[PDB]
Structure formats: C-alpha cells, structure tokens
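Okay, so here's the structure we're looking at.
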Amino acid sequence: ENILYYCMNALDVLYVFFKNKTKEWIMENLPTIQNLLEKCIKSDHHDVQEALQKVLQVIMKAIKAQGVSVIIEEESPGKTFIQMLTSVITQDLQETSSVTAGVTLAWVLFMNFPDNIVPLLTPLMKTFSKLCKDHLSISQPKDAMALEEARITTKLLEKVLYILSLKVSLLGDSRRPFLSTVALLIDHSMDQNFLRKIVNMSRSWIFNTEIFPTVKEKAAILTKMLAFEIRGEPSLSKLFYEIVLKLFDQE
C-alpha cells in the first residue's frame, strides 16, 4: 500500500493547504512541507508515473509562493533544490521511468513563472533528443499492452516537452537540432492531435514580432508542411493554408 498513502495524502495536503493561510502565508512555513515532502519530490524514479502525477497539485500550489525571486530568500534553496534534481534526473537515462520527474517539476516551475531553467535547460532538450529517437520505438511496436503507460504517458511527456521548450524563444546556440528534431517528427508516423499543437505552435513561431533572428528557420520547418498532403491525412493541412493566407494578408 505504501505509495497509495502518498497519493491519498497528497490530495489531503491539497485541501489542507488550500485554506491553511488563505492569504498565502506558507512563506516561511514552507521549510516544514519541504522537510515533509522532500523525500517524495523525486518519487517517479523509484516507482510508477502515478506519484508526481498526484504530486502535481501540491507542487502547483507550492510554487504559488508570491515572490521567491531575489526578494525573500526562503525557497531559493528550495527552487535550487528542485531545479537541481531535474538537473540530475534528466541526466538519468536508459529507462522510461528515469526521466519522468524532470519534465514535470521544471514544467510546473515554468507554468507559473517567467523564469525557467534557462541557465540549465539543455539536457531536457537532450531528453527531447532522447524521445525523438523513440519514434522508432513507437513505430515498430504496432500495438498496445506492451506497457500502455509507456505508450500514452510517453506521448504525454512528448507533449510536455514539445510545449515547455518549443514555446520559449530565448534558446541559445542549439536551434538547429531544436528544429531538425521538429522536422524529424513531421517526417515520421506521428498521429494528429500532438501535431495540431505543433502546427498551432508553428503558428506561434511564424507571427513573432519578436526577432527570431532569421526567417529561413521558419522557412526550413515550414517546407515540411507540404508533406501533410502526401501523408494521406488532409485535415491538418487547412491550418497551414490558413496561416499562409493570413501570412499573405499583411503585406
């Protein structure tokens, strides 16, 4: 039972810390929950994906902390705790159950702050480089029941590490694997709904009044959109011709 306790208590700590200090004074009381849950923040290493799947809530509420910037210092060891362990656990290779925490924790950190792990983010990009090379490990497997968890949750963190990396544009000197992986996606099997968000996110790329320092990167990913016709799947293409239409309206 010893993990189901932490799911059910994670829900219980969710409501108990909704309304203990409704005005959000968990500001120097967070060392106690840090020294209550710090053995459980790095859970999904040792066990199933379900653990931080349930810790997502109290993490989502804990990062709601109201100014742990340069101003008051208390969870700045806590932040440099958790972004350190995503530093470690995204290094942890060779299984699907060794990297599931690193997308999640830094993803919730990114979901609340304009900061990210921008000074340290690049190995999760390598995790994307890890998970892009699992296209062959989802194409030659032709059916489920070989760990449906490792089917749809692996597509789920494929979604998460499309979204948290491909949104931000302050990426450094690694944009050409960043976009050659996206073309490497659109080459392969790649069912529609987790590509509707990357053509929606291609729409996020194209209309950048922000610099995005050359147009020919948009050209390089955007040439691969013509593969959508030869796929045999027509329904995603109308989005592309819509943004070509709107892309020709403003000139």
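Identifiers for the structure tokens are assigned positionally: chains receive A, B, ... in sequence, residues are indexed from 1 per chain, and ligands are indexed from 1 in the order shown.
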field: Backbone-only DSSP, helix (DSSP H, G or I) members of region 24-108 of chain A, as a PyMOL selection string
entry: chain A and resi 30-37+43-45+50-62+76-89+96-98+100-108
Emit the selected residues as a PDB file, in the first residue's frame, including C-alpha atoms.
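That gives us result.pdb:
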ATOM      1  CA  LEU A  30       7.441  26.037   3.583  1.00  0.00           C
ATOM      2  CA  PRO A  31      10.589  24.545   5.262  1.00  0.00           C
ATOM      3  CA  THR A  32       8.228  22.244   7.138  1.00  0.00           C
ATOM      4  CA  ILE A  33       6.489  20.982   3.989  1.00  0.00           C
ATOM      5  CA  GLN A  34       9.915  20.931   2.333  1.00  0.00           C
ATOM      6  CA  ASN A  35      11.060  18.728   5.223  1.00  0.00           C
ATOM      7  CA  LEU A  36       7.782  16.809   4.881  1.00  0.00           C
ATOM      8  CA  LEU A  37       7.766  16.053   1.163  1.00  0.00           C
ATOM      9  CA  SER A  43       9.336   9.972  -6.422  1.00  0.00           C
ATOM     10  CA  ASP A  44       8.743   8.776 -10.036  1.00  0.00           C
ATOM     11  CA  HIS A  45      12.308   7.426 -10.212  1.00  0.00           C
ATOM     12  CA  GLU A  50       1.398   7.970 -10.864  1.00  0.00           C
ATOM     13  CA  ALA A  51       3.336   9.539  -7.969  1.00  0.00           C
ATOM     14  CA  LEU A  52       4.286  13.011  -9.265  1.00  0.00           C
ATOM     15  CA  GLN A  53       1.133  12.700 -11.365  1.00  0.00           C
ATOM     16  CA  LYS A  54      -0.500  13.148  -7.954  1.00  0.00           C
ATOM     17  CA  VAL A  55       2.162  15.494  -6.509  1.00  0.00           C
ATOM     18  CA  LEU A  56       1.461  17.931  -9.432  1.00  0.00           C
ATOM     19  CA  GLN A  57      -1.277  19.568  -7.374  1.00  0.00           C
ATOM     20  CA  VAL A  58       0.628  20.438  -4.207  1.00  0.00           C
ATOM     21  CA  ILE A  59       3.658  21.353  -6.318  1.00  0.00           C
ATOM     22  CA  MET A  60       1.346  23.602  -8.385  1.00  0.00           C
ATOM     23  CA  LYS A  61       0.204  25.256  -5.172  1.00  0.00           C
ATOM     24  CA  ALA A  62       3.652  25.346  -3.571  1.00  0.00           C
ATOM     25  CA  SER A  76      15.533  29.868  -3.125  1.00  0.00           C
ATOM     26  CA  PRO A  77      17.281  26.839  -1.602  1.00  0.00           C
ATOM     27  CA  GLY A  78      14.002  25.083  -2.386  1.00  0.00           C
ATOM     28  CA  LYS A  79      13.989  26.222  -6.022  1.00  0.00           C
ATOM     29  CA  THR A  80      17.680  25.360  -6.314  1.00  0.00           C
ATOM     30  CA  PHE A  81      16.642  22.092  -4.712  1.00  0.00           C
ATOM     31  CA  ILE A  82      14.047  21.111  -7.296  1.00  0.00           C
ATOM     32  CA  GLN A  83      15.739  22.578 -10.374  1.00  0.00           C
ATOM     33  CA  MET A  84      18.836  20.756  -9.162  1.00  0.00           C
ATOM     34  CA  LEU A  85      17.074  17.392  -9.133  1.00  0.00           C
ATOM     35  CA  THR A  86      15.683  17.944 -12.618  1.00  0.00           C
ATOM     36  CA  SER A  87      19.327  18.716 -13.314  1.00  0.00           C
ATOM     37  CA  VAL A  88      20.075  15.204 -12.060  1.00  0.00           C
ATOM     38  CA  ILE A  89      17.063  13.171 -13.133  1.00  0.00           C
ATOM     39  CA  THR A  96      11.390   5.476 -19.470  1.00  0.00           C
ATOM     40  CA  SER A  97      10.907   5.630 -15.680  1.00  0.00           C
ATOM     41  CA  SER A  98      14.115   7.613 -15.117  1.00  0.00           C
ATOM     42  CA  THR A 100       9.556  11.436 -15.956  1.00  0.00           C
ATOM     43  CA  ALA A 101      10.188  13.746 -12.993  1.00  0.00           C
ATOM     44  CA  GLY A 102      12.442  16.189 -14.824  1.00  0.00           C
ATOM     45  CA  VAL A 103       9.920  17.270 -17.418  1.00  0.00           C
ATOM     46  CA  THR A 104       7.227  17.582 -14.772  1.00  0.00           C
ATOM     47  CA  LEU A 105       8.857  19.588 -11.984  1.00  0.00           C
ATOM     48  CA  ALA A 106      10.608  22.123 -14.215  1.00  0.00           C
ATOM     49  CA  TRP A 107       7.414  22.208 -16.273  1.00  0.00           C
ATOM     50  CA  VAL A 108       5.368  23.310 -13.249  1.00  0.00           C
TER      51      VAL A 108
END
Can you pull out the residues contacting residue 163 (chain A)? Cut-off 12 Å, using only C-alpha atoms, and skip same-chain residues under 5 positions away; I want them as an mmCIF file with N, CA, C and O atoms, in the first residue's frame.
data_model
loop_
_atom_site.group_PDB
_atom_site.id
_atom_site.type_symbol
_atom_site.label_atom_id
_atom_site.label_comp_id
_atom_site.auth_asym_id
_atom_site.auth_seq_id
_atom_site.Cartn_x
_atom_site.Cartn_y
_atom_site.Cartn_z
ATOM 1 N N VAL A 103 10.804 16.458 -16.599
ATOM 2 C CA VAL A 103 9.920 17.270 -17.418
ATOM 3 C C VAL A 103 8.845 17.906 -16.548
ATOM 4 O O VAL A 103 8.451 19.060 -16.768
ATOM 5 N N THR A 104 8.423 17.204 -15.500
ATOM 6 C CA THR A 104 7.227 17.582 -14.772
ATOM 7 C C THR A 104 7.506 18.731 -13.822
ATOM 8 O O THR A 104 6.794 19.736 -13.834
ATOM 9 N N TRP A 107 8.573 21.745 -15.524
ATOM 10 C CA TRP A 107 7.414 22.208 -16.273
ATOM 11 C C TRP A 107 6.458 22.997 -15.390
ATOM 12 O O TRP A 107 5.921 24.015 -15.826
ATOM 13 N N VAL A 108 6.248 22.561 -14.144
ATOM 14 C CA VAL A 108 5.368 23.310 -13.249
ATOM 15 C C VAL A 108 6.044 24.601 -12.813
ATOM 16 O O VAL A 108 5.380 25.632 -12.624
ATOM 17 N N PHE A 110 7.962 26.293 -14.814
ATOM 18 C CA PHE A 110 7.779 27.156 -15.972
ATOM 19 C C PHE A 110 6.327 27.595 -16.132
ATOM 20 O O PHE A 110 6.069 28.678 -16.670
ATOM 21 N N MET A 111 5.372 26.803 -15.637
ATOM 22 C CA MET A 111 3.955 27.130 -15.780
ATOM 23 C C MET A 111 3.498 28.275 -14.891
ATOM 24 O O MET A 111 2.360 28.729 -15.042
ATOM 25 N N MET A 125 16.315 19.232 -23.390
ATOM 26 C CA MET A 125 16.366 19.216 -24.845
ATOM 27 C C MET A 125 16.991 17.924 -25.342
ATOM 28 O O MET A 125 16.487 17.305 -26.290
ATOM 29 N N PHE A 128 14.458 15.485 -25.126
ATOM 30 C CA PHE A 128 13.713 15.555 -26.375
ATOM 31 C C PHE A 128 14.460 14.821 -27.469
ATOM 32 O O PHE A 128 13.877 13.996 -28.180
ATOM 33 N N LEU A 156 2.653 11.565 -23.615
ATOM 34 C CA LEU A 156 2.219 12.697 -22.800
ATOM 35 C C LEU A 156 3.399 13.579 -22.411
ATOM 36 O O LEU A 156 3.299 14.809 -22.467
ATOM 37 N N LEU A 157 4.523 12.988 -22.002
ATOM 38 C CA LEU A 157 5.675 13.846 -21.794
ATOM 39 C C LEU A 157 6.323 14.238 -23.106
ATOM 40 O O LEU A 157 7.073 15.217 -23.118
ATOM 41 N N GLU A 158 6.047 13.518 -24.205
ATOM 42 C CA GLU A 158 6.353 14.080 -25.517
ATOM 43 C C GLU A 158 5.587 15.370 -25.747
ATOM 44 O O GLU A 158 6.141 16.329 -26.296
ATOM 45 N N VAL A 168 9.336 28.754 -25.644
ATOM 46 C CA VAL A 168 10.305 29.790 -25.318
ATOM 47 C C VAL A 168 11.233 30.005 -26.509
ATOM 48 O O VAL A 168 11.531 29.082 -27.278
ATOM 49 N N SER A 169 11.638 31.260 -26.708
ATOM 50 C CA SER A 169 12.437 31.655 -27.858
ATOM 51 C C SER A 169 13.819 32.163 -27.492
ATOM 52 O O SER A 169 14.581 32.532 -28.391
ATOM 53 N N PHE A 194 -1.252 15.502 -31.304
ATOM 54 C CA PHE A 194 0.002 16.046 -30.814
ATOM 55 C C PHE A 194 0.853 16.621 -31.933
ATOM 56 O O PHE A 194 2.033 16.909 -31.717
ATOM 57 N N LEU A 195 0.278 16.777 -33.124
ATOM 58 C CA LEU A 195 0.844 17.612 -34.167
ATOM 59 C C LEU A 195 -0.006 18.830 -34.462
ATOM 60 O O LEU A 195 0.500 19.792 -35.051
ATOM 61 N N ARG A 196 -1.274 18.815 -34.049
ATOM 62 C CA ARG A 196 -2.094 20.012 -34.142
ATOM 63 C C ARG A 196 -1.577 21.092 -33.206
ATOM 64 O O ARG A 196 -1.707 22.285 -33.500
ATOM 65 N N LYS A 197 -0.967 20.694 -32.090
ATOM 66 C CA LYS A 197 -0.376 21.651 -31.170
ATOM 67 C C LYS A 197 0.989 22.150 -31.627
ATOM 68 O O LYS A 197 1.415 23.221 -31.186
ATOM 69 N N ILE A 198 1.686 21.416 -32.497
ATOM 70 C CA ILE A 198 2.956 21.911 -33.012
ATOM 71 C C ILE A 198 2.794 22.626 -34.339
ATOM 72 O O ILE A 198 3.739 23.295 -34.785
ATOM 73 N N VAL A 199 1.639 22.507 -34.994
ATOM 74 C CA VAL A 199 1.339 23.447 -36.064
ATOM 75 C C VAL A 199 0.620 24.675 -35.518
ATOM 76 O O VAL A 199 0.730 25.762 -36.104
ATOM 77 N N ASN A 200 -0.092 24.538 -34.395
ATOM 78 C CA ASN A 200 -0.528 25.699 -33.633
ATOM 79 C C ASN A 200 0.667 26.429 -33.049
ATOM 80 O O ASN A 200 0.666 27.659 -32.931
ATOM 81 N N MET A 201 1.696 25.684 -32.681
ATOM 82 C CA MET A 201 2.898 26.275 -32.139
ATOM 83 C C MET A 201 3.847 26.714 -33.242
ATOM 84 O O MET A 201 4.700 27.579 -33.015
ATOM 85 N N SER A 202 3.694 26.158 -34.443
ATOM 86 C CA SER A 202 4.304 26.774 -35.610
ATOM 87 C C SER A 202 3.641 28.107 -35.910
ATOM 88 O O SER A 202 4.317 29.064 -36.300
ATOM 89 N N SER A 204 2.537 29.867 -33.534
ATOM 90 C CA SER A 204 3.195 30.682 -32.522
ATOM 91 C C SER A 204 4.569 31.152 -32.990
ATOM 92 O O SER A 204 5.015 32.237 -32.600
#
Counting only C-alpha atoms, which residues of region 25-101 of chain A sit at most 12 Å from some atom of region 131-136 of chain A, and what is each one's closest atom pair with its distance in Å to one decimal, listed by chain and rising residue number, as JSON lines?
{"residue": "A:90", "atom": "CA", "partner": "A:131", "partner_atom": "CA", "distance": 11.8}
{"residue": "A:93", "atom": "CA", "partner": "A:131", "partner_atom": "CA", "distance": 11.0}
{"residue": "A:94", "atom": "CA", "partner": "A:131", "partner_atom": "CA", "distance": 11.4}
{"residue": "A:95", "atom": "CA", "partner": "A:131", "partner_atom": "CA", "distance": 11.1}
{"residue": "A:96", "atom": "CA", "partner": "A:131", "partner_atom": "CA", "distance": 9.4}
{"residue": "A:99", "atom": "CA", "partner": "A:131", "partner_atom": "CA", "distance": 10.4}
{"residue": "A:100", "atom": "CA", "partner": "A:131", "partner_atom": "CA", "distance": 11.4}
Take the selection from the previous step and output its residues with C-alpha atoms, as a CSV table (one decimal), in the first residue's frame.
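Result file follows (selection27.csv):
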chain,number,residue,atom,x,y,z
A,90,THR,CA,17.1,14.4,-16.8
A,93,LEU,CA,19.0,7.6,-18.9
A,94,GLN,CA,18.3,4.1,-20.1
A,95,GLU,CA,14.7,3.7,-19.0
A,96,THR,CA,11.4,5.5,-19.5
A,99,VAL,CA,13.3,11.0,-16.7
A,100,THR,CA,9.6,11.4,-16.0
- prompt: What does the distance from CA of residue 232 (chain A) to CA of residue 129 (chain A) come to in Å, to one decimal?
  reply: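 Computing the Euclidean distance for CA of residue 232 (chain A) and CA of residue 129 (chain A) yields 27.0 Å.
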query: Neighbours of residue 233 (chain A) within 10 Å (only C-alpha atoms; same-chain residues fewer than 4 positions away dropped), as an MDAnalysis selection string?
result: chainID A and resid 191:192 227:229 237
field: Distance criterion (only C-alpha atoms): nearest to residue 240 (chain A) out of A:220, A:16, A:203, A:187
entry: A:203
task: Could you check which of A:146, A:152, A:176, A:39 is closest to residue 216 (chain A), using only C-alpha atoms?
output: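 Smallest distance to residue 216 (chain A) is found for A:176.
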